[PDB]
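What you see below is based on every heavy atom in this structure, not just the backbone, and it leaves out hydrogens, waters and symmetry mates. Numbered from 1 within each chain, the chains take letters A, B, ... in sequence-line order. Whatever order the structure lists ligands and atoms in, that order sets their numbers, starting from 1.
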Amino acid sequence: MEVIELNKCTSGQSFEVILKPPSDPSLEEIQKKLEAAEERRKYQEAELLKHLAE
Amino acid sequence: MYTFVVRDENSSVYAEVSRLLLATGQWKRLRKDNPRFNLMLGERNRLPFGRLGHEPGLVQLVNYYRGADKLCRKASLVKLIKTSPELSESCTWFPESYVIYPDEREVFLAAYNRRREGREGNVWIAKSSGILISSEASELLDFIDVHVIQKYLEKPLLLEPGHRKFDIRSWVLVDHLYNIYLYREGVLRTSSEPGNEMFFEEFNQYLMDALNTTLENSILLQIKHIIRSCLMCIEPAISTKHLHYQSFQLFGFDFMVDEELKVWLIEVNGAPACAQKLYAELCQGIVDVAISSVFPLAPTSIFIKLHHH
Amino acid sequence: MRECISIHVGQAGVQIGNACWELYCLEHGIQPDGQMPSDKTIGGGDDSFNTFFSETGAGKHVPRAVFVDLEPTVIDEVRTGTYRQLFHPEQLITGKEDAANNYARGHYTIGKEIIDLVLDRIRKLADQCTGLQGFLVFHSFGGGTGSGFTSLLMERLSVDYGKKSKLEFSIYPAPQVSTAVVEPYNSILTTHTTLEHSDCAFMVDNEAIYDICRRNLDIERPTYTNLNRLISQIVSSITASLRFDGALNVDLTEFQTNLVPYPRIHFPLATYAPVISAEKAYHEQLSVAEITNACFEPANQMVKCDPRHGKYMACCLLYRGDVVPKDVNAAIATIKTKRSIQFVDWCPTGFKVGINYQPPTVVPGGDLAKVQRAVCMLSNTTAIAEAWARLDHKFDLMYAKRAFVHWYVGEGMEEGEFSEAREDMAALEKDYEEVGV
Amino acid sequence: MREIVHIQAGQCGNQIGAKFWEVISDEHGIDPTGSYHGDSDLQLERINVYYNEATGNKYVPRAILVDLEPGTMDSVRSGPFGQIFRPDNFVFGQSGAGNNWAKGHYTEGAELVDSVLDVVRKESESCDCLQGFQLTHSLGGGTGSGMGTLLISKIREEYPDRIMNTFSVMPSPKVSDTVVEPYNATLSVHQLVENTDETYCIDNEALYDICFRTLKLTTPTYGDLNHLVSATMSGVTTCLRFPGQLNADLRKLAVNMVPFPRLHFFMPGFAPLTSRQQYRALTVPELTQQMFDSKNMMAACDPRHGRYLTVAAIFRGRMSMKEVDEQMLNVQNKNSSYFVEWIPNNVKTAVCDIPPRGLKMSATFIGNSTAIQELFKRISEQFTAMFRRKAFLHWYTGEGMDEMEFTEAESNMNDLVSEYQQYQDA
Ligand SMILES: Nc1nc2c(ncn2[C@@H]2O[C@H](COP(=O)(O)OP(=O)(O)OP(=O)(O)O)[C@@H](O)[C@H]2O)c(=O)[nH]1
Ligand SMILES: Nc1ncnc2c1ncn2[C@@H]1O[C@H](COP(=O)(O)OP(=O)(O)CP(=O)(O)O)[C@@H](O)[C@H]1O
Ligand SMILES: CCOC(=O)c1cc2c(n1Cc1cc(OC)cc(OC)c1)-c1oncc1CCC2
Ligand SMILES: Nc1nc2c(ncn2[C@@H]2O[C@H](COP(=O)(O)OP(=O)(O)O)[C@@H](O)[C@H]2O)c(=O)[nH]1
Ligand SMILES: [Ca+2]
Ligand SMILES: [Ca+2]
Ligand SMILES: [Ca+2]
Ligand SMILES: [Mg+2]
Ligand SMILES: [Mg+2]
């Protein structure tokens, strides 16, 4: 049971008590995956319109 | 109408418990994977405790205590008994044991050499959770190439006529409130070598005719003391008192009796079977105290309530 | 003094944000019109509350916050509420059509059209910061916007603010509190895409806040208002060290340092006590020992689980009110000799303690009673994985039949993202098991 | 500002449609002239979903009335709320469709569809954020069935990203106009399987049984049947029209109710169904039990013969929302065998404070059950009974159709039946 790093001020108080010691993707890569999803949307809609035209 | 699920077909105890629940007309069995259950008779291995108690509008109860394996695994029981301040102090009822990883190798040989030195009984038994009984430390450590080495009771109590060795099995039930209930009926398994099942009534009669004492006074007091010590030790670690689900569990305690009428704890079984003659009585008791207490339906107890704070 | 920018996404994040800033103002003495009489440095300053409030020449203290939602109804409540005078229009961003409870709709379809605008408004606030620490992101797991657009925003923030910390306050889905059937899909989709972008995330299971409101506040059918006021108190005690003078968790970096030794395992459990009903005039004030003990009762945890069957990697105690260090140690010593508190072998067994003398502030007319001392414990226990297991099990049930998958594939998502996300969660569950077993 | 565009086509479509606007107009406090006279804010908060606001605080339904003969639409204009509809939104021909799907879909209807799309385009162009469309029609006639599905196909082509919802009345020999109704219904169901997101299956066989067996009406009229349909349509749209803890829209409904694209045909239910006892107040337990009872289902399918994929329940009136959650959870946990286990928490409940006219509280049931296959089997059998002998086909081949289009229609619906059967044994 040890108390360390005790700091005090007007607002409060903080300390540490020890009981036992121990033993990213770039903007381009993101734009491509977003634009890839938009292509699959546009392709699925084109097939729908092609189907409706028939 | 209460709902329950069965996830351990191999359980002869709860196969009968399920049979009784249906026989009440107030319980309905569901598919094993239906989550809208009030009662789970769970599997022995990898029971998903983490998915219990999250079904809105359903009080859920399971027939196993999460964390009770510490008491039912031989290597864990030894560690629990050695490191628990509430146990390690005493343990006059638990045989001298050591956990040897294939570690307490040096501590075992320290007491072993002390026995062969003094020419004492130096027979140890090693098992795990295949067994070997030997008096040579070399044969024990080579047999295990995780196991535990434990002193073999060289001076056991022998029933006569027959010069037979025996062990006592006690069934203990702990409910969602952590009441400890000891089934009034036990069983002794006779070796039959210098139908291998003797019930308490006969054993009590023998003790009176042979040793001029009763089963309660010479053995049962120590059994109840051992059962209570082991279970009150882990109570804070497994209690479901303020938990989102509830637990009860049937236990199987195994004891040995030496020629001095002293009781020794052998092991604890978390998924025990029952004696064929006692399946009905105990199973009905499980429904009474463990299941219907939480889900009541629409008078001497078969259990001895071991009191505790 | 370093600034923190708060970002609220979706209905849950916006309404929870509205409750936090109402509380912040009460705790700092800021009136709804933004005026702060106790602030003597008019139009500026480097005080501790300036971490969350900028200042105008007229003495208005403006939250460093931005509200974003794909539909306008929820954020319109902010524009009309008591604290409408607090924020300016640029801070409030809304769309026309929401994500319809569809992660793919919030991340790809709809999100792609509004991401740049949000990033710009954020850059505006960042341009007012002398030393921006990072961001606090509030959002739900189950909402189409809260899950889908948040993960998109987190990726872009890691690009535009690489050196800044990002902390999450996430709402875990609970069927009892209005939930869509596909919320398990969204929860796992957004956790996978956001995992390597968040430094520390505080999950709040609505199931927990719900039962705490029913049992401790005697509320029969708690509402979002009830839930949010309780959540705001907890969020307040977590962010208090950033808004007041102190030495514990004084910057976003310290949260990672004190609570997250393993980057992937960055979901600390929060336990809060006491929660006393306001309708209860005769309230027996709880002691330091009694509230510290309650921190180890599952019934007071923001996520229901059993820390007894896990392993702690770190523990922090945040007290507010009449607490003195002596009483805290006398309580720790007692709870150690009674509770099951196992730490991992590669970590010290101890507690970092922080005390703020100002007792918790309760919203006038709310459901929470004023108390003399409260505590919030932040413990990184492997038991929180139980929540991942529940969520991944529901995911597996539906995905085995591909139920509702077509709604996601129909927005541009691929069925493989489902499997990829579930696999990352499988690894996450395994990391917890290798740490606490 | 999520506006919905309403379309009603044919005799049946325009009769249930007119009744729908009379019912909800009363609930929102709008009189036959379009002037508001309610007493609560909840009436006007989401009134924009179904009404346009004209100068003078006038509310005009966003409804488009369509028919190939003027007969029925003249009755609407003469009916109670006839003057509330936008006069320009009356689009009608003079030839009729003679209960012939081919005439409504290919010949007579094709000549009128463009002028309908012109009105639809004018209504949508002035929408802040268009949700989608809801169509009322029967599947047994010619205009609502043939031209109705033609409209759906062309509306989808012009608004591929909007929700298409329909209230579709299924024919039944018990309430029959002509023998070719199975032909027209089989042809339409395929159009619906392909071009709608949500279809409320309103089975005239169930409506007749509810009037005869329950309401004790010896000789039910279409008026009696439409009374049930009005009550149901008011119910399933409550969460779209009023504010509450769950302000729903057409897309979130489709997302949570449709786990597979083709399986989007719902079973509606309503409680109470009291016979004229109209003063006796119902308890929350009684609403919940009746709401799930087959005798309150509008589709004439036995739910216990299939399994529920998803369920939406709406409770209207001032009641214990706590007791509501208790009774709902009681129904599920009691009959959990009739709810598929691979969709967790598939039963959602909503509560609205404002009850319908004449009731202290009500409950509306929206179920996506695999037992709906019984309805499609029924139609398919009646279809095949005639088609095996090519009976009455000349009415259709005379309009340009060939037998192949019939062979494909039957095959498509038998597939639909097989798909429901697949998930009933999953
Ligand atoms: N605690 C709390 N949870 C909320 C609140 N609002 C919504 N939720 C939860 O959030 C989940 C749904 O996410 P939402 O935020 O409503 O959805 P969204 O982010 O707006 O996304 P979309 O509406 O689909 O565009 C549900 O599980 C709700 O229980 C709130 O105010 N407080
Ligand atoms: N320390 C010891 N001294 C003497 N005999 C012992 C002993 N430990 C075990 N035994 C013997 O072995 C038995 C218990 O051993 P073990 O735990 O391997 O049985 P088991 O668990 O494999 C099957 P069961 O659960 O029915 O006992 C005792 O009944 C006794 O006969
Ligand atoms: C299991 C499927 O449940 C449904 O249908 C279901 C579940 C949900 C919704 N919805 C649709 C709905 C619509 C309705 O009005 C048309 C009445 C309802 O009553 C519960 C539910 C819904 O809607 N708007 C927002 C939400 C949030 C997600 C929960
Ligand atoms: N429920 C109900 N069904 C109707 C009504 N009028 C017609 N039907 C049914 O609709 C079918 C006839 O279609 P109808 O609408 O008259 O043909 P259409 O005008 O060419 O579209 C038959 O199955 C009738 O039972 C009505 O007012 N209510
Ligand atoms: Ca200042
Ligand atoms: Ca980063
Ligand atoms: Ca012509
Ligand atoms: Mg939203
Ligand atoms: Mg007609």
Check whether any side-chain N or O of C:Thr191 sits under 3.5 Å from a backbone N or O of C:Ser187 as a donor-acceptor pair, and report yes or no.
yes
What do you reckon, is [atom1] of [X] surrounded by more than 12 foreign heavy atoms closer than 6.0 Å?
| X | atom1 | result |
| --- | --- | --- |
| D:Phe90 | CZ | yes |
| D:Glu111 | CD | no |
| D:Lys19 | NZ | no |

May I ask you to check whether D:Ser172 and D:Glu205 show a side-chain donor-acceptor distance below 3.5 Å?
yes
For the residue pair D:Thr166 and D:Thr199, confirm or rule out a side-chain donor-acceptor distance under 3.5 Å.
yes
Between D:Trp101 and D:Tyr106, does the ring centroid distance fall short of 6.0 Å?
yes
Listing by chain and number, which protein N, O or S atoms are under 2.8 Å from the Mg ion (ligand 9)?
D:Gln11 OE1
Within-4.5 Å side-chain heavy-atom neighbours: C:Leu167 and C:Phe135
no
Apply side chain to side chain donor-acceptor pair (under 3.5 Å) to C:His61 and C:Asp39, showing your working.
CA-CA 10 Å; C:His61 299 53; C:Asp39 181 4; 2.7 Å; yes
Protein N, O or S atoms under 3.0 Å from the Ca ion (ligand 5):
7
